[PDB]
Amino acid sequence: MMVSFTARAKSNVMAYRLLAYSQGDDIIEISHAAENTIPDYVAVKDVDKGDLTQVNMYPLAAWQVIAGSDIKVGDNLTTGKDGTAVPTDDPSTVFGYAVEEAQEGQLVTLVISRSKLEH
């Protein structure tokens, strides 16, 4: 159950980083989601600025994202720098919670959820 569309990278996109969709010229542009925002989707490949890319979207349950800092199992997560995922406690910016442990730079597996886990 995959749905695909073509996009243009408006800035360099690295694999396993959170993505924002934006209005380009006759095309959707993708870029790393901004810090402390709710992402639109997640990248699974690296795209160079200005290149076309096929964005394949899958049913939502869990995402694999690079950790922007140390993440503990059960942390609530928001967007960090460069489209990474980082812990937060601001409920209005949470988009998921970690179910694996990850040091900064490692791939974290998170469950998509706009509600925080009770700590």
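In case it trips you up, residue 1 is the first one in the sequence shown, and so on.
Mean temperature factor over C-alpha atoms, higher-scoring stretch between 108-116 and 2-10 = Looking at the record's C-alpha B-factors, the answer is 108-116.
51-59 or 71-79, whichever carries the higher mean Cα B-factor = 71-79 has the higher mean C-alpha B-factor.
B-factor third for the C-alpha atom of residue 18 within its chain | Ranked within chain, residue 18 CA B lands in the lowest tercile.
Ranked by Cα temperature factor within the chain, is residue 98 in the lowest third, the middle third or the highest third?
-> Tercile = lowest for this residue's CA B-factor.
Going by the recorded CA B-factors, say which third of the chain residue 27 sits in, lowest, middle or highest.
-> Highest third, going by the recorded CA B-factors of the chain.
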